[PDB]
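See below for the structure under consideration.
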Ligand SMILES: *[C@@H]1O[C@H](CO)[C@@H](O[C@@H]2O[C@H](CO)[C@@H](O[C@@H]3O[C@H](CO)[C@@H](O)[C@H](O)[C@@H]3O)[C@H](O)[C@H]2NC(C)=O)[C@H](O)[C@H]1NC(C)=O
Ligand SMILES: *[C@@H]1O[C@H](CO)[C@@H](O[C@@H]2O[C@H](CO)[C@@H](O)[C@H](O)[C@H]2NC(C)=O)[C@H](O)[C@H]1NC(C)=O
Ligand SMILES: *[C@@H]1O[C@H](CO)[C@@H](O)[C@H](O)[C@H]1NC(C)=O
Ligand SMILES: *[C@@H]1O[C@H](CO)[C@@H](O)[C@H](O)[C@H]1NC(C)=O
Ligand SMILES: *[C@@H]1O[C@H](CO)[C@@H](O)[C@H](O)[C@H]1NC(C)=O
Ligand SMILES: *[C@@H]1O[C@H](CO)[C@@H](O)[C@H](O)[C@H]1NC(C)=O
Ligand SMILES: *[C@@H]1O[C@H](CO)[C@@H](O)[C@H](O)[C@H]1NC(C)=O
């Protein structure tokens, strides 16, 4: 593949820059003779030549061209320019280009127009312009809809499909006369009959703002909607299948959307500039949602809400996903990343700001506290590997659509959010939002890199005369340009602090150099016997300060409420004082720091920085902990023990220990809910209740097993009167299936096939993977691959649910090794979250035998490659090596600890 | 896009 030719290189030339496009698309919603669903379109792109060139290189993916005046395209001049004749065109598949070879060169700073006529498949592939399907009674409904991000706009029409190639778009949709056409903007005049065939209408839309190609959306459906003008005058509509809308299932979204949009407009002092923001829920959708500017698309499951069958956790999902997509109207649409290597400027911001918007709409839920579990601790697992990557990867490394898709990962989302949470904490949100307002104003309708953000934050810092140990850029560059995070180790006898790059495996090999030497500039907050001390900045690898020195009974903890992106170790004397505090009165330690103490110590133990028994000792007080968060932090960390040990002699004592620790909590909830008749008022208490049930049942509390089997049996006896509160359904369904047999399984499967809401179906689909019968798991695996039984959007998610079951481990890994080409080609090998399957199937590996299989899997498939799962395979290899050594080193001490402490 | 935390 000759690298000297521009059309064989992945990045577009800088020689041409588009100005504006018109696009006409026409989906055919009934199959043709071939049984193929197709769309036909045309386009004109106007562009400026920035540097003289004899080739037009523009993106094109799976499009077929209708010849016009002897070629695939026609090239015309603008404002008097006179373009050369077209020599010939070619489609270059790897780089997804249409290449127009010219008989001469275009002229610098002149404009040109290029006309195309084309056709593509309206495939059920969830990418570009695609089809989604549902049933209304026995009538098949087919929807034309879109997903462009990252690199699929080019699959719908020829375009310069990179995010810094911003343009205006003039969209026309041609569609059956009975169906509604939607796009980013409002219709431009009324919808008129197609002259050649009045069975079709033609809907033209107003020109978009200047924007990136990946934000375009085109939808044709018979959906209904509810609507309300938001307090900032923007029209909000929630669109979904008619039955959902009539059932009122869009009403919650309508309650929160406009108010969140207005809240963000106010908080960032930057209006939303479009006349409307439609939210629309699609039956088939790859990701969770997509922030298309003016027409935000969602999985049905993440937009619709039924107050009589959806759980509180489902309700949290709706408001948080809406908040994230609305955050993007500012961070991503109005101001857009220059290139995908800086993705966190879109998604890290959306992941942080989503909590501010969700907290605005639901202030009693205290959602912002959950950032520590949902983001900080989530990303720290991968970011403690030598094979992690910086928040801002060098742009030169990110070239292919696979490499781009791969970056939609825990680093860009949750590390992005965590670093922003830290930043807002040390600046104050008042100062942070002032800098952000200036950033948004300056770069509106343009593109940014990470340096542009620091400049505007510096401006606010300078205006407020805030004194930092250096500039915003030099502090934040430490958290952005190098991977990883530090462990801060305190010696409370002398008050010394030291930092080093935290690695789960000390033996692992960091091959990525850092110009910052893996040293950070760290804002350190702290408490002494519960009282907050003065803040401190750690700039060097080591320092001394009496803030960190103790004597007598005093203890200190660093990182109050885990605002900072770092872990903390102490001398064992201070740890023993913390453990004493947890036994005396655990409420003296802020709840978030109770999660911290647990999660940090477990990770420190893996890294050989504290004995494993110290981390296990930190869970002893949980027997009297009622709060959601510290229990969730413990369960999260103990997940790793389950992965390492659930096929070993260690597992029984582990389960015995958890059964002892959770029983009083379970009994507390049994009494508090008046024998499961009620749910707690507070959302955190609701979540705590669900975990206590899940934990009690999984670890063999007999009252829990009886409760779930009894409830499930009562439902089977009364299928239309489900006695199980929505909050408990996931865990009751799973454990009833696990405790039961094929009769329970078949009932749940039938319920799943007959489901009317995605939420109920999702709970059943996860539950069916809880069977303990190998033959049932095998049969279920065969269903995941059948698009008539399990929608394609859900296939790999269900396979992951199977592999997480200890009996499905061998089954799924053997399946993955045996079917790699199929999974890669048909199940999203270059798309979002393909890493999820590699991660899930390999995370139990703790043996040389498994390692050798994984290395052989890498060798055997070198020709196919691993697409957007390439880094995940490297990380799987690193973790597997770490796990082998960790099991060797810990199995006997852990077995003895669980045995001695579970009685 | 929104992707649920794995
Ligand atoms: C997409 O639709 C937009 C909006 O209708 C089109 O923008 C319009 O384009 C015309 C023709 O190029 C612009 O005319 C220009 O006006 C000034 C005269 O004051 C002059 O400097 C230029 O020489 C040119 O004649 C017009 O301003 C503009 N209208 C708006 C509201 O921006 C655009 O052309 C369409 N793009 C495509 C590819 O069809
Ligand atoms: C650390 O986080 C805790 C827990 O969120 C904060 O405690 C809250 O404080 C607010 C304002 O004082 C009160 O309205 C609430 O009673 C507390 N909320 C909860 C959920 O407990 C605490 O303020 C934080 N500490 C610092 C220094 O910010
Ligand atoms: C595009 O062309 C190829 C090759 O002729 C053909 O197989 C395919 O069906 C065409 N696609 C559509 C949607 O017409
Ligand atoms: C189709 O065209 C007619 C006008 O000729 C219009 O009244 C009707 O609403 C159009 N339908 C849609 C769904 O756009
Ligand atoms: C939306 O708000 C209205 C008015 O406050 C309320 O009655 C209704 O229960 C809410 N709907 C949902 C689905 O939350
Ligand atoms: C800083 O102050 C200047 C001068 O008053 C003002 O123009 C600018 O908008 C301010 N910038 C920020 C980020 O507050
Ligand atoms: C864990 O607790 C026991 C006493 O309950 C103690 O013997 C042991 O040393 C503790 N482990 C560590 C590392 O402190």
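These residue numbers are counts, starting from 1, taken along the chain as shown.
According to its header, this structure was worked out by X-ray crystallography, 2.0 Å.
Here the Cβ of each residue, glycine as well, is placed from N, Cα and C on the backbone.
For A:5-903, the entry in Swiss-Prot reads region 'Metalloprotease'.
Sequence-distant neighbours of residue A:64 (N-linked glycosylation site) (same chain, six or more apart, CB under 8 Å from its CB) are A:118, A:119, A:120, listed in sequence order. Among the features that Swiss-Prot reports, N-linked glycosylation site is placed at A:64 (among others).
In three-state terms derived from DSSP, residue A:170 (N-linked glycosylation site) belongs to an extended strand segment. Around the Cβ of residue A:170 (N-linked glycosylation site), the same chain contributes A:20, A:21, A:22, A:23, A:204, A:205, A:207, A:208, each under 8 angstroms and 6 or more positions distant in sequence. Residues or ranges marked as N-linked glycosylation site by Swiss-Prot on the basis of experimental evidence: A:170 (among others).
Neighbours of residue A:201 (N-linked glycosylation site), defined as other CB atoms within 10 A of its CB across all chains, total 19. Residues annotated as N-linked glycosylation site in Swiss-Prot, with experimental evidence given as evidence: A:201 (among others).
Counting only same-chain residues at least 6 apart in sequence, those with a Cβ under 8 Å from the Cβ of residue A:255 (N-linked glycosylation site) are A:361. DSSP assigns residue A:255 (N-linked glycosylation site) to a helix. Residues or ranges marked as N-linked glycosylation site by Swiss-Prot: A:255 (among others).
Feature annotation from Swiss-Prot assigns Zn(2+) binding site to A:324, A:328, A:347. For residue A:324 (Zn(2+) binding site), other Cβ atoms within 10 Å of its Cβ number 29. Taken residue by residue with DSSP, residue A:324 (Zn(2+) binding site) is part of a helix.
Per Swiss-Prot, N-linked glycosylation site is recorded for A:463 (among others). The Cβ of residue A:463 (N-linked glycosylation site) has A:434 as same-chain neighbours under 8 Å, each 6 or more residues away in sequence.
Taken from Swiss-Prot, the feature N-linked glycosylation site covers A:509 (among others). In the three-state DSSP reading, residue A:509 (N-linked glycosylation site) counts as coil.
Annotation note: residue A:561 (N-linked glycosylation site) sits in a helical segment as assigned by DSSP. Packing around residue A:561 (N-linked glycosylation site) is summarised by its Cβ count: 20 other Cβ atoms lie within 10 angstroms of its Cβ, all protein chains included. The N-linked glycosylation site annotation in Swiss-Prot covers A:561 (among others).
Sequence annotations record features per position, and here Swiss-Prot assigns N-linked glycosylation site to A:617 (among others) based on experimental evidence. In the three-state DSSP scheme, residue A:617 (N-linked glycosylation site) falls into the helix class.
Secondary structure at residue A:671 (N-linked glycosylation site), taken from DSSP and collapsed to helix, strand or coil, is helix. The feature N-linked glycosylation site is assigned by Swiss-Prot to A:671 (among others).
According to Swiss-Prot, the disulfide bond annotation covers A:697-A:704 (among others), on the basis of experimental evidence. Cβ neighbours of residue A:697 (disulfide bond) (same chain, under 8 Å, six or more residues apart in sequence): A:704, A:705, A:708, A:731, A:735.
Following the DSSP three-state reduction, the secondary structure of residue A:770 (disulfide bond) is helix. Taking the Cβ of residue A:770 (disulfide bond) as reference, residues of its chain lying under 8 Å away and at least six apart in sequence are, in sequence order, A:733, A:734, A:735, A:737, A:738, A:805. The disulfide bond annotation in Swiss-Prot covers A:734-A:770 (among others), and the record cites experimental evidence as its basis.
Close to residue A:754 (N-linked glycosylation site) in the fold, though at least 6 residues off in sequence, lies no residue with a CB less than 8 Å from its CB. If you look up Swiss-Prot, you'll see A:754 (among others) marked as N-linked glycosylation site.
Around residue A:617 (N-linked glycosylation site), the C-beta neighbours below 8 angstroms that are at least 6 residues distant in the chain are A:579. Nearest to residue A:347 (Zn(2+) binding site) in space, judged by Cα atoms and limited to the glycosylation sites A:201, A:509, A:561, A:671, is A:561. Proximity of the recorded positions A:170, A:671, A:697, A:704, A:734 to ligand 1, judged by a Cβ distance under 6 angstroms to any of its atoms, singles out A:170 in sequence order. Contacts of residue A:509 (N-linked glycosylation site) defined by a Cβ separation under 8 A and a same-chain sequence distance of 6+ are given as A:386, in order along the sequence. Filtering the recorded positions A:324, A:617, A:671, A:734, A:770 for a Cβ under 8 angstroms from any Cβ of chain B leaves A:324, in order along the sequence. Cα-Cα distance from residue A:328 (Zn(2+) binding site) to residue A:561 (N-linked glycosylation site): 27 Å (rounded to the nearest whole number). Neighbours of residue A:324 (Zn(2+) binding site) among the glycosylation sites A:201, A:561, A:671, defined as a Cα within 10 Å of its Cα, are absent: none qualifies. With a CB cut-off of under 6 A applied against ligand 4, none of the recorded positions A:347, A:463, A:509, A:754 are retained. Of all Cβ atoms in the protein chains displayed, 9 besides its own lie within 10 Å of the Cβ of residue A:671 (N-linked glycosylation site).
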